[PDB]
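Since the structure comes first, as structure tokens, the remarks are kept for the end.
No Cβ is skipped: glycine too gets one built from the backbone with ideal geometry, and neighbour counts run over all protein chains shown. Here, each number is a calculation from the coordinates, and none is a lab measurement.
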Amino acid sequence: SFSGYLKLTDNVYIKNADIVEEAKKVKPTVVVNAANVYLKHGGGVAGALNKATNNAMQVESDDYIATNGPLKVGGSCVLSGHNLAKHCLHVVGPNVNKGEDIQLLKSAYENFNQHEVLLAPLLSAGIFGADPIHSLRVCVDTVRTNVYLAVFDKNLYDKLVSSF
Ligand SMILES: CS(=O)(=O)Nc1cccc([C@@H](CC(=O)O)NC(=O)c2ncnc3[nH]ccc23)c1
């Protein structure tokens, strides 16, 4: 039920929207979380998604980590979407502020290819420290499935479209 999106390519779409509000409106099959390897959803997209689930996402994530250990940078896991989606694909993009290799951003986007359609943020952008224009280019050049990108900041949305 996605609406108001601008088509960038055959499979990539973009909208100036809060991913939490977009998830509550659409209730997609898959919402992507901008996760860290420990699934500690403190801030950014992860903190906002977890807060919308009344912390049920953090409780579920802590049990997952206790059983399986941390994810790899560039890796992912599928957990419940709670009240936002059927599923949440927790994807770990490299955190540039922590010295993580930006080359892992392509591996992180490759996780999207296991799902026919997804609502997602730009990986590694925001508090993760990477250039969002770079993140959109890697998204477009890596993801082959249908991805609906929610870009929170209006000025960033405008720059992303103008420079595409
Ligand atoms: C530094 S920047 O990436 O160019 N600018 C930026 C400006 C404002 C925000 C951001 C990042 C910050 C971050 O969550 O780590 N936000 C998002 O990517 C985002 N996207 C969709 N829906 C959302 N709901 C809550 C956050 C959010 C980034």
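Over 23 Å between C-alpha atoms is what I'm after, so list which of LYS25/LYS86; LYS15/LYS159; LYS24/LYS51; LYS15/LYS72; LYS15/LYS98; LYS7/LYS72 land there.
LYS15/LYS72; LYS15/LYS98; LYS7/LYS72
So how far apart, in nm, are the two label points at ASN55 and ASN97 if each is 7 Å from Cα heading toward Cβ?
2.3
Can you give the convex hull volume per residue for the Cα atoms of the range 6-161, as a whole number of Å³?
96
Given a cut-off of under 8 Å on Cα pairs at least six residues apart, what relative contact order in percent is computed for the chain?
Dividing the mean separation by the residue count of the chain yields 29 percent.
Please give the length that would be gained between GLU21 and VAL161 if that part of the chain were fully extended, namely 0.36 nm times their separation in residues minus their C-alpha to C-alpha distance (nm, one decimal).
Contour length minus Cα-Cα distance gives 48.3 nm.
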